[PDB]
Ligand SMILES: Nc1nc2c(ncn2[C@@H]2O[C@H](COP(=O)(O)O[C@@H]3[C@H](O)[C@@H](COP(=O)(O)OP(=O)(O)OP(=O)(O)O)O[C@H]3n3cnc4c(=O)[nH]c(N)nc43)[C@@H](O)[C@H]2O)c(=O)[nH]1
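The data below hold one chain only, encoded as structure tokens and taken in the form solved without the named molecule.
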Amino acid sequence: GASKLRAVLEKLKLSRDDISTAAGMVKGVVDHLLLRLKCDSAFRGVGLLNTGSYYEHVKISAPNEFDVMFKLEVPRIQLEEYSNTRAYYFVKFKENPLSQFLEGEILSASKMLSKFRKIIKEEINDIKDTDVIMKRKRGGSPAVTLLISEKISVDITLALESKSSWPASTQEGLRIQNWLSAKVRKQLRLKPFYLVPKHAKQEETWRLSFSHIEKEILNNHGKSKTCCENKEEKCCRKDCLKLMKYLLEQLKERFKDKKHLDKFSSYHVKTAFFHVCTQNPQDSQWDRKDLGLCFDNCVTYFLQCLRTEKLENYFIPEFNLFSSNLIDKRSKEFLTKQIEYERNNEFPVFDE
């Protein structure tokens, strides 16, 4: 019930101070690293892009794991879609500071990746108890991992910043008109977009990223401009997204040996949550006193995506995150059985 869920949220608060304290450490090493690249290197126009769970105020676990994005302003970019993927692109340019990594017209992800990796190893040795370590490449993003005081892992993604208007594959995405309004949609789509190096599954492809927009929505999320700015307009949208993330995290924990749920990530949960916000656009559909109902809305929609094997990227609707090419049918059916069981029994995974 809604009291069991409120107890989970209270338990998650006990971890607030360790996450924020660790975020202070990350920021200290990141600003130091950033000012070496910024001063003099092949990545001079670099800048910090403050995105990810922590900056969205929905990081509720893993105080030793942070994702950080560096952005790189580039001269005007021309894109070329990789086959019919809708999310993966080759980068071209319409005498620029990236000429080093070009191969003909195409900007080489793996070459730029490789210099970035080396340039940071070189500047890291000069930084107090911080090292570079290699996790699974995952297509090139995260591009490099830092280990701060040999305790905190910081995954750092290099992202190109394009101030051009969004690619065609986003035209029907970001369907926030009935929720956040058409005015907000136009305003958000005048913002830049980002490209992160990412194998599409041998190629030099990049994938669109809209983390800065996901942060904007999450921190300005009501139909009312004053949603969550006073006690009469405290909604439970964020509490539901935190509970969805914690649900998945706790389920993955119960399979740490075989790791059957390894392919599922909080990005999947976050994408499904944005679709529910679109489907339930009124702030009264997220009254704090209806927490148990809104959480059920989030869980059944997430079950529906697993059963239909369809979870469309919130910005690129033809990019299906749950297609069998990415997540096999068997993993989705296994996660469906667990979540179904938990939903029908008032979430015994949350019992103390």
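One rule holds for the numbers: they count along the sequence shown, beginning at 1. The term rigid core refers to the most C-alpha atoms you can superpose between the two forms while keeping them within 1.5 Å.
Student: Other compared entries: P97 unbuilt in at least a third?
Tutor: No, none of the compared structures omit it.
Student: Given that the flanking residues are present, does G222 go without coordinates in at least a third of the other entries of this protein?
Tutor: Looking at the other entries that model residues on either side of it, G222 is present in every one.
Student: If you count the residues of the deposited sequence that sit between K183 and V184 but have no coordinates, do you get none, 1 to 3, 4 to 9, or 10 or more?
Tutor: Gap between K183 and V184: none, chain continuous.
Student: Per the entry, how many residues of the deposited chain go unmodelled between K201 and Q202: none, 1 to 3, 4 to 9, or 10 or more?
Tutor: The entry leaves 4 to 9 residues without coordinates here.
Student: Return whichever of 116 to 124 and 81 to 89 has the greater mean Cα B factor according to the PDB record.
Tutor: Comparing 116 to 124 with 81 to 89, the higher mean C-alpha B-factor belongs to 116 to 124.
Student: Would you tell me which stretch averages the higher CA B-factor in the PDB entry, 241 to 249 or 260 to 268?
Tutor: The stretch with the larger average C-alpha B-factor is 260 to 268.
Student: Determine which member of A168, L158, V154, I176 has the highest CA B-factor, using the values in the deposited entry.
Tutor: Answer, based on the entry's C-alpha B-factors: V154.
Student: Have a look at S53, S41, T300, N313 and flag the one whose Cα has the highest B-factor in the entry.
Tutor: By C-alpha B-factor in the record, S41 ranks first.
Student: Lowest, middle or highest third of the chain for the C-alpha temperature factor of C277?
Tutor: For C277, the deposited C-alpha B-factor lands in the lowest third.
Student: Among the chain's modelled residues, which third holds the C-alpha B-factor of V68?
Tutor: It falls in the middle third of the chain.
Student: Which third of the chain does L147 land in by C-alpha B-factor: lowest, middle or highest?
Tutor: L147: CA B-factor falls in the highest third of its chain.
Student: Sorting by Cα B-factor within the chain, modelled residues only, which third would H221 end up in: lowest, middle or highest?
Tutor: As the PDB entry reports it, the C-alpha B-factor of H221 lands in the lowest third of its chain.
Student: Is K111 in the lowest, middle or highest third of its chain when residues are ranked by C-alpha B-factor?
Tutor: Highest third of the chain for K111's C-alpha B-factor.
The protein also exists as the form solved in complex with the named molecule; that form is not presented, and the subsequent description refers to it.
Student: Using the pose of the named molecule in the deposited complex, placed onto this unliganded form by C-alpha superposition round the site, state open if no ligand atom is within 2.4 Å of a backbone or C-beta atom and blocked if 3 or more are.
Tutor: With the named molecule superposed from its pose in the deposited complex, the site reads as blocked.
Student: Tell me whether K27, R36 and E123, taken together, all sit within 4.5 Å of the named molecule in the deposited complex, counting heavy atoms only.
Tutor: Contact check failed for every one of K27, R36 and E123.
Student: Of the residues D239, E204, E233, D155, which one places a heavy atom within 4.5 Å of the named molecule in the deposited complex?
Tutor: Comparing distances to the named molecule in the deposited complex, the residue within 4.5 Å is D155.
Student: My question is simply whether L79 lines the interface with the named molecule in the deposited complex - judged by any non-hydrogen atom within 4.5 Å.
Tutor: Answer no; every heavy atom of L79 is more than 4.5 Å from the named molecule in the deposited complex.
Student: Please run the contact check for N178 against the named molecule in the deposited complex: heavy atoms, 4.5 angstroms, yes or no?
Tutor: No, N178 sits far enough from the named molecule in the deposited complex that none of its heavy atoms falls within 4.5 Å.
Student: Evaluate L102 for contact with the named molecule in the deposited complex, applying a 4.5 angstroms cut-off between non-hydrogen atoms, and reply yes or no.
Tutor: Flag for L102 set to no.
Student: May I ask you to state whether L113 is within 4.5 Å of the named molecule in the deposited complex, using heavy atom distances?
Tutor: It does: once the named molecule is placed as it appears in the deposited complex, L113 has a heavy atom within 4.5 Å of it.
Student: Given the stretches 319 to 327, 301 to 309, 27 to 35, 280 to 288, which is the single one in contact with the named molecule in the deposited complex, using a heavy atom cutoff of 4.5 Å?
Tutor: It is 319 to 327 that comes within 4.5 Å of the partner.
Student: Heavy atom within 4.5 Å of the named molecule in the deposited complex: which residues of 241 to 264 meet that condition, in order?
Tutor: If the 4.5 Å heavy-atom criterion is applied to the named molecule in the deposited complex, 241 to 264 yields only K263.
Student: To test your reading of the superposition: with the rigid core aligned, which of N313, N64, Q285, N297 moves its Cα by 2 angstroms or more between the shown form and the other one?
Tutor: After core superposition, the single residue displaced by 2 Å or more is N64.
Student: Core-aligned, is the CA shift for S41 between the shown form and the other one 2 angstroms or more?
Tutor: Result for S41: yes, a 2 Å-plus shift.
Student: Look at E150 and decide if its Cα position differs by 2 Å or more between the shown form and the other one after superposing on the rigid core.
Tutor: True for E150: a C-alpha shift of 2 Å or more.
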